[PDB]
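Okay, so here's just one chain, in structure tokens, the form deposited in one PDB entry.
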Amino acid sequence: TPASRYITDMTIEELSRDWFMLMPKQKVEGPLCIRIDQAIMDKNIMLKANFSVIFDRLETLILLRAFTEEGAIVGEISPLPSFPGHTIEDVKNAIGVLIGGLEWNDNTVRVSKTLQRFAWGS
């Protein structure tokens, strides 16, 4: 995978930073794993992701995480390794579930320019 097909919204530090859930919820959407801290409310959030793009659209997700304006990780979608792989639809489902959960607790979720461009496109 080249750098003309590799989007890194997240720094190395961001990708690997440990984060804890006061009120943990976890879900599975396809071969994907979803995490929100249910303790978070009333914040602006931004979903950022690292992933590879082919034929103008997301191919493989490495990691997505939810960031408060303050710079804190309040959620995550992550790939489980399995034989099917995982599809752009899995990812797009996962994102809707993340977003749904975040807003349910009165947060406002935005998605990165690149996730708009390649996955959350319409």
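So that there is no doubt, residue numbering starts at 1 and follows the sequence shown. For clarity, a rigid core is taken as the largest C-alpha set superposing within 1.5 Å between two forms. Shifts are known only where both forms have a C-alpha.
The following text describes the form solved in complex with a partner chain, which does not appear among the structures shown.
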Is there a heavy atom of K27 lying 4.5 Å or less from a heavy atom of its partner chain in the entry with it bound? yes
Any non-hydrogen atom of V53 within 4.5 angstroms of its partner chain in the entry with it bound: no
Would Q38 count as touching its partner chain in the entry with it bound under a 4.5 Å heavy atom rule? yes
Even though the partner isn't displayed, in the entry with it bound is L32 close enough to its partner chain, meaning a heavy atom within 4.5 Å? no
Listed residue (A72, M46, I88, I62) with a non-hydrogen atom within 4.5 angstroms of its partner chain in the entry with it bound: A72
Core-aligned, does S82 move its Cα 2 Å or more between this form and the one not shown? yes
When the two are fit on their core, where are the runs of 3+ residues whose C-alphas each shift at least 2 angstroms between this form and the one not shown? 2 to 4, 81 to 84
